[PDB]
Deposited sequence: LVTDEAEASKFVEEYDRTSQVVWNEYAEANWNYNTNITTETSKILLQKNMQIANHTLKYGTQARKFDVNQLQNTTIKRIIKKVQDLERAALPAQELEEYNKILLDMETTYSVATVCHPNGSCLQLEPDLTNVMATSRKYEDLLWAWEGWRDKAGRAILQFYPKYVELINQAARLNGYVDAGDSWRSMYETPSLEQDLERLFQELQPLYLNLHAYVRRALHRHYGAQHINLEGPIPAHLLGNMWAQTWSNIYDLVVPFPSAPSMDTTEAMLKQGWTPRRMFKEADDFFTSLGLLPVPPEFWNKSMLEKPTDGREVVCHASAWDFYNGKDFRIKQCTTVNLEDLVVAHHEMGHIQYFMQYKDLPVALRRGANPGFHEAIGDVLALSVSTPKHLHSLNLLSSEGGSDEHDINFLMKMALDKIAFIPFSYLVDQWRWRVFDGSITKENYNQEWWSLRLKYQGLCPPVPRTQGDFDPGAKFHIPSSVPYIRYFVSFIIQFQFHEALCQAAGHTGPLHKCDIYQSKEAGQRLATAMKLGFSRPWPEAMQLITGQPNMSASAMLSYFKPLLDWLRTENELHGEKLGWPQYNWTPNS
């Protein structure tokens, strides 16, 4: 009956708040202080939260969701029936929790050392080398070295991780873990929807690829770049070649129109990692959206500590399911790239504050992609020359194509990589890719989608996916692909609401209450309604669409077509078999 069902939801909500609150603190202390004490406290708080999940998930399965009128009640109960890892028998649950902890630690503490000297960490050392070095062999030292230490050591944990995470999914009614992850979007046509979105950005990516390949051919020499083959994976300014903005000096369309060194501008004018978040806080409030509580500033780790303690550096935002406690954990470097990431993480916090009045089971994004997109939308406005100049970090047709090129190196280059990652994982989860095919099938997709090849031939024992944070940390990736598509849809819609006329890329939504109002009401929905409703609240239409992204970059697509045609470039990589000598 309906009456017992709403009572159960109320009971679940109160008990979840307390137990979810306790787990968050226990997880925080490990993430901000990797030791042995905090690790086993987390392993024991894992059993406490699993008891709650098992207890209430059993009760939920005794409810026939099928016989329930109120859809909000119907929705929550259906979610509680999913136990996740808690569905596993005790021995396998503790094994699975240990493996995850082992993988997360292995990744976070891994270092790449010189013959008998300095040992380098991923952030900021190896990140800095990948971004600034222009020597082929030095970049290779960092690229290979990171994969030799982080990737290779993850390989031992991964098959059993796949086995146990799939087992949990089967016990919760799914065929495998990929199926379980995809269900978060509540869209039966998701795979075909994502494929069509990817195909629509092919002409824009292939033109950026061909142009960047030409620029690399210019600098690294004809012997190391094949203008009809895939680009060596280590030359794009980033460890995973997911974003390419750091090789801007190598690709700048009009060097005739030069732009400020934005990193040294920040360091000189006295930009603290604290001021970087303070300015991101200002942008949100200018839209009429909520400020971060005083408690946020007291308890957040906005900078890498000098204790000598190990930490999880990857940027993340933290909801304590309290309605009062919200935190950010980030190893912030003072540069433009981390200012964007600071806005991204503040977007998560805003989403937390907007739906804190909802039940905890519904305290979630419309879909995971929505949660990632909020900060990135504001960052698009922050990234404009007009907003950056007003922050004294910069000082028109040539500057216009340059800016669009800068944005393309991040936004466009990430489309194929963000698509790639879960294309690999889903096939790993469903059995298409086994442990003897992990690395081979990873590079097949690197070639197929990104048009990248490894700089060094891959050997047995290589597990390059393990050198990317999200893989050993078991964090789904397709969200970022959705985010990059939809953030431009949000941008377009918020700019038309702001009354911005002219080219989309010159829009700055700063201080627009109309743009804030559309964001607010959509975020307030949380996970109460299917995402097409939240999409419609912001954009006036319910579909994911690549139109807004192509509109934004339309001036660049025309310029690239002309430029690549006059060089007689071949779009794509007809010689997919090509690897370096």
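No C-alpha positions are given for the deposited-sequence stretches 1-3, 399-402, 589.
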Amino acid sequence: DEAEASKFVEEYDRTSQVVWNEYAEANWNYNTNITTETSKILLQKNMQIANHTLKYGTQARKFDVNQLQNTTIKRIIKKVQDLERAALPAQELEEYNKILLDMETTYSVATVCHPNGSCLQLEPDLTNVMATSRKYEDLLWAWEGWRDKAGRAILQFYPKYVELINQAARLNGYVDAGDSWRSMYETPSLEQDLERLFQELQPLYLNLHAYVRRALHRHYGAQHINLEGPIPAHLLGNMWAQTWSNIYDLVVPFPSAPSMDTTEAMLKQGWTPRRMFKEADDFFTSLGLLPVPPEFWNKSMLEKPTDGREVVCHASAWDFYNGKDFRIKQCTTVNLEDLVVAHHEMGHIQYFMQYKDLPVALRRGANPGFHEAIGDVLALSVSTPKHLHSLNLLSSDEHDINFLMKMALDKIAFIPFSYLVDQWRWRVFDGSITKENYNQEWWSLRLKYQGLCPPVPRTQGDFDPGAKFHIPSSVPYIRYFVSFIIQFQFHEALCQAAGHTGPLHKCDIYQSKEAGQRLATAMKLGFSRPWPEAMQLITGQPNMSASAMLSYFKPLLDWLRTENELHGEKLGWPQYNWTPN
From here on, numbers count along this sequence of modelled residues.
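Stretch comparison (117-125 versus 402-410) by mean CA B-factor in the PDB entry places 117-125 on top. Set 328-336 against 179-187 and average the Cα temperature factors; 328-336 ends up higher. Reading the B-factor column for the CA atoms of 545, 536, 517, 551 in the entry, the top value corresponds to 517. In this structure the maximum Cα B-factor among 167, 132, 259, 418 is found at 259. For residue 270, the recorded CA B-factor ranks within the highest third of the chain. Only modelled residues enter the ranking. Sorting the modelled residues of the chain by their CA temperature factor places residue 91 in the highest third. Sort the modelled residues of the chain by CA B factor and residue 435 lands in the middle third. Residue 243: CA B factor lies in the lowest third for its chain, per the PDB record.
Among all modelled residues in this chain, the alpha-carbon of residue 465 has a temperature factor (C-alpha) in the lowest third.
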